[PDB]
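Okay, structure first, notes after.
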Amino acid sequence: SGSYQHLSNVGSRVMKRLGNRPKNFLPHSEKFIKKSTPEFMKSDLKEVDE
Amino acid sequence: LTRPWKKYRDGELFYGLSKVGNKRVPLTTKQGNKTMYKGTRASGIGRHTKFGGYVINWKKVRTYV
Amino acid sequence: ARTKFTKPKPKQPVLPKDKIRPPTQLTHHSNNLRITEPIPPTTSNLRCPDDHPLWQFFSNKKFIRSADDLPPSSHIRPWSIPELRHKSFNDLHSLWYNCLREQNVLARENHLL
Amino acid sequence: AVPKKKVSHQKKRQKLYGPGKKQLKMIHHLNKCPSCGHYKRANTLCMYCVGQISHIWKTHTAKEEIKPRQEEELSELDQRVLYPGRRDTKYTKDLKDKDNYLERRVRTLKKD
Amino acid sequence: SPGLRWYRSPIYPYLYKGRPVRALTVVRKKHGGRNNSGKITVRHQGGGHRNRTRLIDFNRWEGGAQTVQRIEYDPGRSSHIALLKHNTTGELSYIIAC
Amino acid sequence: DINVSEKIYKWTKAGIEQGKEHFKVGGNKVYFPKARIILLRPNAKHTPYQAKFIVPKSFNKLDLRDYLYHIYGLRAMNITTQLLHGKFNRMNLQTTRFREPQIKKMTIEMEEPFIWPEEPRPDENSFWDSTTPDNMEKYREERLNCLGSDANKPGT
Amino acid sequence: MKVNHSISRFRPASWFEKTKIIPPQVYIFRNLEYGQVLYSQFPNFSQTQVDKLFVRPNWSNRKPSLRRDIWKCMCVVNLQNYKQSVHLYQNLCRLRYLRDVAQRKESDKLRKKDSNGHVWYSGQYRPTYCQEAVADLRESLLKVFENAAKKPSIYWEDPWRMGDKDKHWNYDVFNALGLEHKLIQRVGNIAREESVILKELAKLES
Amino acid sequence: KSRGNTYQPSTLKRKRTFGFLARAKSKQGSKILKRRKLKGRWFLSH
RNA sequence: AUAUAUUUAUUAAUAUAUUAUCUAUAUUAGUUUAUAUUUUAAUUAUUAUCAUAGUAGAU
RNA sequence: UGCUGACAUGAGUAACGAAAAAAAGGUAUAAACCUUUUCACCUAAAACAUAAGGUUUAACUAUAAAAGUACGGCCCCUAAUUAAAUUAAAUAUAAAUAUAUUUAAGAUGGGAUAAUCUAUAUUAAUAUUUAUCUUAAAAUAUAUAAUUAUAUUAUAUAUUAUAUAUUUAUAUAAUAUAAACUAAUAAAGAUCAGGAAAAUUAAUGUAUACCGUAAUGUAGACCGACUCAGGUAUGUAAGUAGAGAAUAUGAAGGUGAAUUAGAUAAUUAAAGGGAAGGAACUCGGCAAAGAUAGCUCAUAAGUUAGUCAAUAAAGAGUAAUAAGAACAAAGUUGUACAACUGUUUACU
């Protein structure tokens, strides 16, 4: 990675916005995630919230 | 060429992805003038001298017991 | 500007042989000097101690704890507040510092990862 | 200076493709290479055979690589201590993957 | 230069050719026409040399006879100052000169 | 009697001899410190007698030295401080840009040397094996940035 | 006013004998920024010394900053006589000149190169220059003793900085002399109270 | 005389004129800040 | 001066090959030049580039 | 000339934004990247240090190391100046607020000690500009209780010998280069009269905070919508030449570029040369052309007396005789109008 993001909480508002995506645009969010993941990784079941 | 794999003129920058961006974002220690001093909550330790030096006040220095 | 008409300047005024002082330094560097290859510093001269306090940031002198080297999640539990409540101050302080040490070890490793 | 009308499909196509000047020509002037029995241009050397010969020359006429003694006789640990690793930049990484952007020469078909 | 042709000035050789006493001088802040408002109120007034104002007594209360140590040039007043030193008190003060 | 730097040196020597602090201990007693430090690998520019840490951004040089003494038992003789710059980053060009964190890194000089343990092989350790995550990243890049007929193009 | 200090000129043996600020010795200084080395007749130095050494600077071997923090003492080498120390210092300067200007290609060939044919670096720190200085020091000393009581000695910053006590540093001449490879005592801030330490060392051998 | 380069950055000046604290200190600036907050602005000042 | 060869006895010498023509210190701050000092630190043939095709006469 | 989106046409057209390239190898992959070698361009710079600015652009994540002396900030103090501050009733005012005074802020400025290294703390008392001339003096020839002679002329350093203290200490005399340039000095010319503001010893301390630190900065890393011939602060800035930072070159350094390869029709730009003419051109000698030292002499009419005119023009000597770098140097007179030096429509 070469990140350094993990030693801080920078751009907090932006992270919150990204993290707490609206639920009606959840298919939009996950469509690209599904595409990204290989077949052996991806699961059919819905990733429910905590 | 700036980068040999890009022979032709794509709209790619000399460095980074976008020149533009939100200018209104808090200053850091690196930015500003020579006179601009931000500080990092590290040294309310001693006292600044009349001449520009510094004198540590050890009763106000953090030990980790 | 320099021109067809420009006569050359006179030579600088040299000081006579008798008047000139002898220089303070006479004998200079050796002419025999030779460019030898560099001599790269070696670990053999070091005697890094087996109980150097910086080993305390590692765990069993491992660059990284493997999955087997780590404590498993089922075997490990954090402290209960009630359990902590009947511990002495000094003991609690010691526990805290052990925790902090463990975090440091993990933090080093986590960062690397 | 400026086009008076939208140029039609017909008129742009007859302009572009109608004249023989503008068209591509068949490369009739291929022939067999004598060194390897493959297609090559007429009055031209075979790029495979000359490439092979160039490679041979390189392998024979090779200036020896300079390996300094002191670095050749370092211990592994000592070498690691002295010259540690580093994260390469994105640009550097891109430069390193040469097969992404560098074209190796293709072999021609065998002549009949 | 065609500009020294009509530069006629007065010569006063008795006039002092040194700096004024520094204790009797205070800096002459320039407002340059503008007033508190910040808007040119007196038009045609601009910037010139860094002059100092010399506190020249106008009341001349004091009392007694004083010796004129010297007569200088005050950048402001068209008049000439005078470093009157109190013959007895021992003190320097300026006064518009006659 | 003697100059200031010499006096300081003498004091430091005395503290070393004692096995007490080689430095004047402060009065602001922190019993339960929450600060962690990340021991870094050594750069080419450093010796075996140096060690560098990522520390808190509000960590003092003196504070660090105190921490090293009392928590760990190590005595840092000289300490330098390198507060890094925070370069701008953004998740994508649709998002707002912001700086990555300014991170404080303090080198120390110590009287005994130290060299890290050698990093493990790919087969040995599970975690320290960059092939998998890098491959995954590459695959993600391929799939998101695949547009038209590069869908048919075989995977790397 | 008095413009010149002890450092302001090159000082020969006679001058040292007259003064006796320090014993017969030469100081060597690492550059923490770039890895470059700086020789000097005194425990301090000025821009003049830097100018003298760094005469032909390029991107690889940039003329270093004179900022006091990045300079740190690599090695303090003591000798049997002031004249001998002066001669050693001259030899080092000569070697540096040869490496930079006269016999530069040979020096370059000798160095470690990375991929893309540059002298190996990490940042702008190049670890070859230090190594060369150690090798050059060894050479100069050897020459001095060929040209040629107190046993001479080389107080090191760090014992690691030796290439190897077997492969190098075991010439017959050095052995005959009694060249003791000591190290500076690190019972204090080595960087900050460096000058004090150097003074203490100087006092010790007198 | 070529135009276009009317912006001539200088961090100090920017912070004096358009910085948060300058806005806060003036009544007018405080009103602006409030207005921006009401709108929903992420970045109220330089 | 290094590396061969070699008269010769390591080393002189003989021969070619390569490599080199520096450098260091005075002369009251700095710089440059000049001369002494230091050192092996060389004095003619013939080129080349630049100077608007360097400029000029031809062509 | 409806709006949003998509996609056409012009069109595979114009263009690829001052430019020097070659080869060999990395690498049987390279016009475009790296390395080596040759050539070239910049060099009072396309160099080396920097300021400001900025998507960290860096020789990068294992990252830009500071008690202080050619480190800055921070800090102490102020300028211009600012301020929901300040002062039965500070004054004034539809409200806002404004003013005056205090007070706190405000660097572009001021600010202790220091390589024979240096110590800031607490406490007790008590400088506009500008010059460095003359003259005089010391000195080498003359000549040798002369006249000339031309240079020397305040500072900084090592050496030698002393001398005083006992091998430091400091004084003392002794020798010792041209040109710059610099710092502390002194004495000194003019009118345009030249900032602010922050004790002393003595005693006792002083376990040394934080922050900038990369690279980029006459630019592909800031401002200009672009890797934009624009804009962008400072010191350096080989030598050889010269009055000079002019002009030539250019040691070292740093470059040779997001277009190449051919081709060089008409045609356009940017140059060079041109027979016989010689302004016939033309609105108009627009443009181009034209320089018989640049030094030293010598320099009219007129006139406000200011070599203003004037760098006069011509002419002269030093150089040159067929000619044989660049760069400064471009005639004279009448008239209208405006005295002048200046200002103005940033983009007719």
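Following the order of the structure tokens, first chain is A, next is B, and so on, with residues numbered from 1 inside each chain and ligands from 1 in the order they appear.
Of the residues in stretch 69-102 of chain F, those that DSSP places in strand (DSSP E or B) on the basis of the backbone are residues 76, 77, 78, 79, 82, 83, 88, 89, 98 and 99 of chain F.
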Excluding stretch 18-28 of chain J and any residue of its chain fewer than 3 positions from it, enumerate the residues within 10 Å of it, using only C-alpha atoms (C1' of nucleotides), and give them as a PyMOL selection string. (chain D and resi 47-56+58+62-63+104-105) or (chain G and resi 115-117) or (chain J and resi 34-41+229+256-257)
Could you list, as a PyMOL selection string, the residues of chain J having an atom within 7 Å of chain E when counting only C-alpha atoms (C1' of nucleotides)? chain J and resi 192-194+340
Enumerate, in order of chain and increasing residue number, the residues of chain J with an atom no farther than 7 Å from chain D, each with its shortest atom pair and distance in Å to one decimal, counting only C-alpha atoms (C1' of nucleotides), as a tab-separated table.
```
residue	atom	partner	partner_atom	distance
J:9	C1'	D:6	CA	4.8
J:10	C1'	D:3	CA	6.2
J:28	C1'	D:55	CA	4.9
J:29	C1'	D:104	CA	4.1
J:61	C1'	D:87	CA	6.4
J:62	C1'	D:86	CA	6.3
```
Near residue D:77, counting only C-alpha atoms (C1' of nucleotides), which residues have an atom at most 8 Å away, once you skip same-chain residues fewer than 4 positions from it, shown as a list in words?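 So the residues in contact are residues 43 of chain C; 81 of chain D; 118 of chain F.
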Please build the interface table for chain C against chain B with a cut-off of 12 Å, listing for each qualifying residue the nearest atom pair and the distance in Å to one decimal; count only C-alpha atoms, order rows by chain and increasing number, and write it as JSON lines.
```
{"residue": "C:90", "atom": "CA", "partner": "B:65", "partner_atom": "CA", "distance": 11.6}
{"residue": "C:93", "atom": "CA", "partner": "B:65", "partner_atom": "CA", "distance": 9.7}
{"residue": "C:94", "atom": "CA", "partner": "B:65", "partner_atom": "CA", "distance": 10.9}
{"residue": "C:96", "atom": "CA", "partner": "B:65", "partner_atom": "CA", "distance": 11.9}
{"residue": "C:97", "atom": "CA", "partner": "B:65", "partner_atom": "CA", "distance": 10.1}
```
